[PDB]
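Participant: Dropping a structure here in structure tokens format, bear with me for questions.
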RNA sequence: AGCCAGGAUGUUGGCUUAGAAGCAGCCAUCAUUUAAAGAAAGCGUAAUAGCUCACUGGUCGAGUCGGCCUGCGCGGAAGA
Ligand SMILES: Nc1nc2c(ncn2[C@@H]2O[C@H](COP(=O)(O)OP(=O)(O)O)[C@@H](O)[C@H]2O)c(=O)[nH]1
């Protein structure tokens, strides 16, 4: 029930935290159960927070209206079904890879967890930080 | 994983959980045997109460294996003998769901949050809160 | 079928058609809902 | 009987045919008890049916050892194994197919024995006297041998060491096979299934040697226990051997104009001889015994002697009725059988001519003695009698029995229900 | 049965079918078995036993009052 | 109509012949010719086939769409061909085929023998099921329904000729 | 519109402590979960089932959705 005004409103509200934040994740779920989208959302909330709604938002202009706030080269998510989840504990955290680890186990698809060109990261694990 | 052969969301009084010819003409067509029907379901129920229907799963195996993780009866369902009132939904707006208190309802929602888990236990608190007020009357605390 | 002088949709599956200028009712669900005219 | 040219000693098999409708089901109740073994007939295409299962329960009540025949292999859609499975899963049985089918409806010619591994291929209905055995028709023996393996699988569990011997890689002989299977088949373990079409006359000729070979003899089957006013555990063991005082069991009463009464009975123990004395130990009555007519290719065989296990029919005496014991004055008075089905459908009845209700009452008296599974009532509302029967047909073939037997026409009706007021 | 008069009071699982209790009026069971055989393909039975008495609006009893007169 | 607004992009190997209105379309299977509603303007236009409602014809758009659908199926027929699949439910209901005639033992009194139309190749992977292949969709569907109508599926145990995908809605004989 | 999933964990909502079990005994119930779960309007209803309430989700991308008044028509509409 996303009206054009309400659409741009919900898109912007869910996009600002990703625009000014860190690297997060999204999924590609056109075929999943209520249980799968309920338990995955509970899991994502225990990992990071209960703020992520498992609803999908891969419409033809949701990210093309919300995402273009910053790092606009990261707008390649106009693809099919997407119901995302954040990762406040560090960019490209464990949560930022557990989804792709679980992509073939108890889940349909996870949009590969593309990450984001906040620092223009390339194909690698964004954890080049010694401890 | 076996298919739909013993599908009944029903748990009879769990002095013996779900007796065979006690349930009704839906559970009669279920091949699950009785040797371990109440072996681990008549004793291991002590985690909530013994004598009340254990909300459980109906998952058995085609290999005659029977595995399920029983969830618990709701605090409101226990709120027939545990929360005072034997009545509940249907007239919680025309009746009371009982002298239900949240000092006990919250404690029960936190300590019985094993079966129904979630991201936050506050979620299960609100879960039970909706479960109780689904009658129209819930512990008012 | 019924050729009631008042054909109506009785079902989510009933459909109005006008084969050859005649107003019939076709319930995919109920073949009792099969009506001819009016 | 003796066998299919393969024969061994004529045996007097005593045979009572059975009807197929549960309506007159006492005929199965008594005649399951009276029975030593049991031939579970079957439609090789029909399989098991609401009466196959009904009579199966009937049989279960008497725990009778039953092997099964699968007739009608010539009719299209008949398959022995399928019906086998039908029995196994509709009745929960262990259908050892000691035979096999050679053909189905168009190519049914013989039966594959799984032990002879041969197929006697008779001729048809009348000529099925050709007993030209045929060895291992490979077409069938591709798996006839593995169906023999099923049979062997049932015989191995027959004994403790027999299973081990089967695990010795060793086979079983033509006597250890049967005797192991039999020794419990006698005790109702597993149903041996052979196929045929008695219309087309195959299978039947073998379906008489497996009878001799497995069906308990009155000497193989456990001994029956009588009953007294007080029913003991073994109030009177009435073993087969007619060493006991004459002690038969009368199960049916018949009619003949030139012979009069034609009561039927299976003698459990003892021997009565062409004029003797016995009491209605169950009725506490008494009388002589005049003109036994044991039935074999019936020529009014007015036999002067009937003995252990020998089913015959007596004439005269006075009263014996369907489960009532036949006992010498020594009187193991009762045989456990005091049961017959209760009418599940009652109905009022009245004559066509109004002054025939007394004759229809008496007709119901006779026709109530003629089968125990048919009660008569006489309610007090007006006068109407309630012919409580087993089935619609059970008491509807007696409403017409008055028309046939008692030349009276009747119009049935619902019983008037007692409507009390307060 | 609901069609007949039978008031459902329980039913379970019995063995292969289910045993079904219902205190059906006696009037409503006068060919039941026959109907049952037809319904179940001859594969079911019923056992009925007068228990009590009750009422159902049927002036049918008022009808049978007109006997040997009105 | 909305369909009319979509070109019939011809495949590779199909020969189109836009003769006036009537048009033939060749493919790997064969050649199909169709008489367009006079309200249709259709062109090839470089491996395509576009339809436009003729002027003077208010009912041109839908008729052009009918042409778009009629020519799309024709293409697919001449390249691929259309294949209908039927079943025989019922005992002893068998439908062997002998070249172009199906010897049906559907148990009336008589052998039903259906001679196939020219262009229809019937196959029976089983005693009791048919696979019509043909170039034209309407006619093969017509043939399927023709066949099915001889011993139609029935509402109790499904017995009768049914389409392989046919969903026979049955019911119980009676309570009695 | 079409096409690709989904319509919970109390969830048989206690819900007339037989369930009318997500859709007859009866009332209110997202309460993480959500686009979903309505906790009922045909399928079982006793559930299930797969469609049902819906809803999102995706697809692709042009209008589309409904009603009001309206004009003219249509049917209704069979005799010797
Ligand atoms: N084709 C075939 N017909 C049979 C067979 N047995 C009986 N029939 C026929 O079916 C009818 C009834 O057979 P029968 O056993 O005498 O009747 P019953 O009193 O019902 O058991 C008769 O017309 C037989 O010819 C069989 O095994 N094969």
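Protein chains in written order, with PDB author numbering: chain A, 1 to 131; chain B, 1 to 141; chain C, 1 to 38; chain D, 71 to 492; chain E, 634 to 703; chain F, 1 to 176. Just so you know, even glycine gets a beta-carbon here, dropped at the ideal spot from N, CA and C.
List in chain order the residues whose CB is within less than 6 Å of at least one heavy atom of ligand 1.
Facilitator: Answer in sequence order: 141(D), 142(D), 144(D), 145(D), 267(D), 268(D), 269(D), 270(D).
Participant: Report back the beta-carbon spacing between residue 30(A) and residue 80(A) to the nearest angstrom; my notes put them in contact at under 8 Å.
Facilitator: Yes, they are in contact, since the Cβ atoms of residue 30(A) and residue 80(A) sit about 6 Å apart, within 8 Å.
Participant: Output the residue ranges of the beta strand (DSSP E) runs that lie fully inside the region 304-369 of chain D and measure 3 residues or longer, sorted by chain position.
Facilitator: Whole beta strand (DSSP E) segments, 3+ residues: 317-322, 333-339, 347-350, 355-358.
Participant: Please report whether the beta-carbon of residue 678(E) lies at a distance below 8 Å from any beta-carbon of chain F.
Facilitator: No, because no Cβ of chain F sits closer than 8 Å to the Cβ of residue 678(E).
Participant: Buried or exposed for residue 284(D), please, with buried defined as at least 16 other CB atoms from any protein chain shown within 10 angstroms of its CB.
Facilitator: Classification for residue 284(D): buried.
Participant: For residue 103(A), name the three-state secondary structure that DSSP assigns.
Facilitator: In the structure shown, residue 103(A) sits in coil (DSSP, three-state: anything other than H, G, I, E or B).
Participant: Could you please give the first and the last residue of the uninterrupted alpha helix (DSSP H) stretch that includes residue 155(D)?
Facilitator: 150-160 is the span of the alpha helix (DSSP H), which, as asked, contains residue 155(D).
Participant: Between residue 80(D) and the rest of its own chain, which residues show a CB-CB distance below 6 Å, the 5 nearest in sequence each way excluded?
Facilitator: Here the set comprises 72.
Participant: Taking only runs of the alpha helix (DSSP H) that begin and end inside the region 239-275 of chain D, which ones reach a length of at least 4 residues, in chain order?
Facilitator: As far as the region 239-275 of chain D is concerned, its whole alpha helix (DSSP H) runs of at least 4 residues are 246-255.
Participant: Counting along the chain, where does the beta strand (DSSP E) carrying residue 114(F) start and finish?
Facilitator: Unbroken beta strand (DSSP E) run through residue 114(F): 112-115.
Participant: Do we get a CB-CB distance below 8 Å when we pair residue 175(F) with the residues of chain E?
Facilitator: It does: the Cβ of residue 175(F) has a partner Cβ on chain E nearer than 8 Å.
Participant: Does residue 111(B) pass the burial test, meaning 16 or more other C-beta atoms within 10 Å, or should it be called exposed?
Facilitator: Exposed, because fewer than 16 other Cβ atoms sit within 10 Å of the Cβ of residue 111(B).
Participant: Could you compute how far the alpha carbon of residue 107(F) sits from the alpha carbon of residue 117(D)?
Facilitator: Rounded to whole angstroms, residue 107(F) to residue 117(D) spans 22 Å at the Cα level.
Participant: Is any beta-carbon of chain A found at less than 8 Å from that of residue 113(B)?
Facilitator: No, residue 113(B) does not count as interfacial toward chain A.
Participant: Alpha carbon to alpha carbon, how far is residue 85(F) from residue 29(F)? Give it in angstroms, no decimals.
Facilitator: Cα to Cα, residue 29(F) sits roughly 19 Å from residue 85(F).
Participant: With a CB to CB cut of under 7 Å and the five nearest residues on each side skipped, what residues in its chain are close to residue 2(B)?
Facilitator: So the qualifying residues of the chain are 60, 61, 62.
Participant: Which term fits residue 330(D), buried or exposed, when burial requires 16 or more other beta carbons within 10 angstroms of its beta carbon?
Facilitator: Burial call: exposed.
Participant: Report the residues of the region 654-668 of chain E with a CB closer than 7 Å to any CB of chain D, ordered along the chain.
Facilitator: If the cut-off is 7 Å between Cβ atoms, the region 654-668 of chain E has 659, 660, 663, 664, 666, 667 near chain D.
Participant: From the DSSP output, in three-state form, read off residue 294(D) for me.
Facilitator: Strand, per DSSP.
Participant: How far does the beta strand (DSSP E) with residue 83(F) in it extend, from its first residue to its last?
Facilitator: That run of the beta strand (DSSP E) goes 82-89.
Participant: What is the DSSP secondary structure of residue 117(A), reduced to helix, strand or coil?
Facilitator: If DSSP states are grouped into helix, strand and coil, residue 117(A) belongs with coil.
Participant: Tell me the DSSP secondary structure of residue 96(A) in three-state form.
Facilitator: Looking at residue 96(A) - three-state DSSP - the assignment turns out to be helix.
Participant: Residues of chain B with CB under 7 Å from residue 45(A), in chain order?
Facilitator: Near residue 45(A) (Cβ distances below 7 Å), the residues of chain B are 119.
Participant: Whose Cβ in chain D lies nearer than 9 Å to the Cβ of residue 675(E)?
Facilitator: The contacting residues are 92, 119, 120, 121, 124.
Participant: Contact criterion: CB-CB distance below 8 Å. Does residue 25(B) meet it with respect to chain E?
Facilitator: Yes, residue 25(B) lies at the interface with chain E (some Cβ there is under 8 Å from its Cβ).
Participant: Please list the residues of the region 27-51 of chain A that have a C-beta atom closer than 7 Å to any C-beta atom in chain B, keeping them in chain order.
Facilitator: Residues passing the 7 Å Cβ filter: 42, 45, 46, 50.
Participant: So the alpha helix (DSSP H) residue 655(E) belongs to, where does it begin and stop?
Facilitator: Unbroken run through residue 655(E) is the beta strand (DSSP E), 653-655; no alpha helix (DSSP H).
Participant: Would you give the residue range spanned by the alpha helix (DSSP H) that residue 436(D) belongs to?
Facilitator: Counting along the chain, the alpha helix (DSSP H) containing residue 436(D) begins and ends at 427-439.
Participant: Would you list the residues sitting across from residue 106(B) in a DSSP beta bridge?
Facilitator: Beta-bridge pairing links residue 106(B) to no other residue.
Participant: Near residue 456(D), what residues of its chain come up, given a Cβ to Cβ distance below 7 Å and the 5 sequence neighbours on each side ignored?
Facilitator: Excluding positions up to five away in sequence, the list reads 416, 417, 418, 447, 449, 485.
Participant: Run down chain D in chain order and give the residues with a C-beta less than 9 Å from the C-beta of residue 694(E).
Facilitator: In chain order: 489, 491.
Participant: As an exercise, report each continuous beta strand (DSSP E) stretch of at least 3 residues that is fully enclosed by the region 120-153 of chain F, in chain order.
Facilitator: The region 120-153 of chain F contains these whole beta strand (DSSP E) runs: 121-126, 129-134.
Participant: Just confirm the distance between the C-beta atoms of residue 117(F) and residue 75(F), as a whole number of angstroms; I'd bet it's less than 8 Å.
Facilitator: Not really, about 21 Å apart at Cβ, beyond 8 Å.
Participant: Check whether the Cβ of residue 109(B) lies closer than 8 Å to any Cβ atom in chain A.
Facilitator: Not one chain A Cβ lies under 8 Å of residue 109(B).
Participant: Fully enclosed by the region 81-140 of chain D, which beta strand (DSSP E) runs are 3 residues long or longer?
Facilitator: If we require 3 residues or more, the beta strand (DSSP E) runs fully inside the region 81-140 of chain D come out as 108-110, 136-140.
Participant: Give the straight-line distance between the Cα atoms of residue 476(D) and residue 20(B), rounded to the nearest whole angstrom.
Facilitator: Taking the straight line joining both Cα atoms gives about 52 Å.
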